[PDB]
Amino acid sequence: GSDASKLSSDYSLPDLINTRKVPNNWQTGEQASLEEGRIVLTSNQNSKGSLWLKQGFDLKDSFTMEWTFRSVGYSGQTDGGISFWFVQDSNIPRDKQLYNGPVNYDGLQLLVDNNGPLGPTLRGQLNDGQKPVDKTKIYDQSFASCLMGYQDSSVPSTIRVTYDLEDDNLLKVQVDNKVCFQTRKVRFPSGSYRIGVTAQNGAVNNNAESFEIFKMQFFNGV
């Protein structure tokens, strides 16, 4: 389980509640901005924002990523969404075509959105960097998913991603401590991985859905 003794400060975003400047190990992009106690990714109608670690993570052993986020200000189906990334690249990924993150990624995308056939979901997506994914097939191409309500609540959700080399490469996602999905079919190769979060709210109904980050914690182990 997560324990303070296993926390990796270098890959964490300490609770932003009283933070006045974005921590120096992270970089905002597009229109993402630190506001009172949180980083707002989509601060106005049809906006985009990114938040990535400046340094890569060298994958050698088990790890945990916990994201604390919320969506406020809009209820209704939109073509917006928020994506959490774990992808191999030598820099912060340049491409912005998939929820303001890379469409030709090599690694894992976790997408929270409500535009697919099951309504609000958390979905896992994989790509190997050879081709852009087909956005028109994303819901059929999820390797795993769960229902997850997220819109229009000021109480943030916690997505906990664990990758356990000491349990035959178990990749698991929990939401608020409840399992969303797990699999042993993904054996990530070694290299330098980029970790970040991106979001867009699009133009449906001139919505102003606000995707917001409170905290992210990275641990060695699970």
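In case it trips you up, residue 1 is the first one in the sequence shown, and so on.
For the two regions 86-94 and 127-135, the entry's Cα B-factors average higher over 127-135.
Averaged over their C-alpha atoms, the temperature factors of 106-114 and 136-144 are higher for 136-144. Across 157, 43, 182, 192, the entry's maximum B-factor at the CA atom is seen for 43.
When the C-alpha B-factors of 198, 12, 205, 210 are ranked from the entry, the top spot goes to 205. Among the modelled residues of its chain, residue 28 has a C-alpha B-factor that falls in the highest third according to the deposited record. Annotation for residue 66: CA B-factor lies in the lowest third of the chain's modelled residues. Ranked by C-alpha B-factor against the other modelled residues of its chain, residue 172 falls in the lowest third. Among the modelled residues of its chain, residue 162 has a C-alpha B-factor that falls in the lowest third, as given in the PDB entry.
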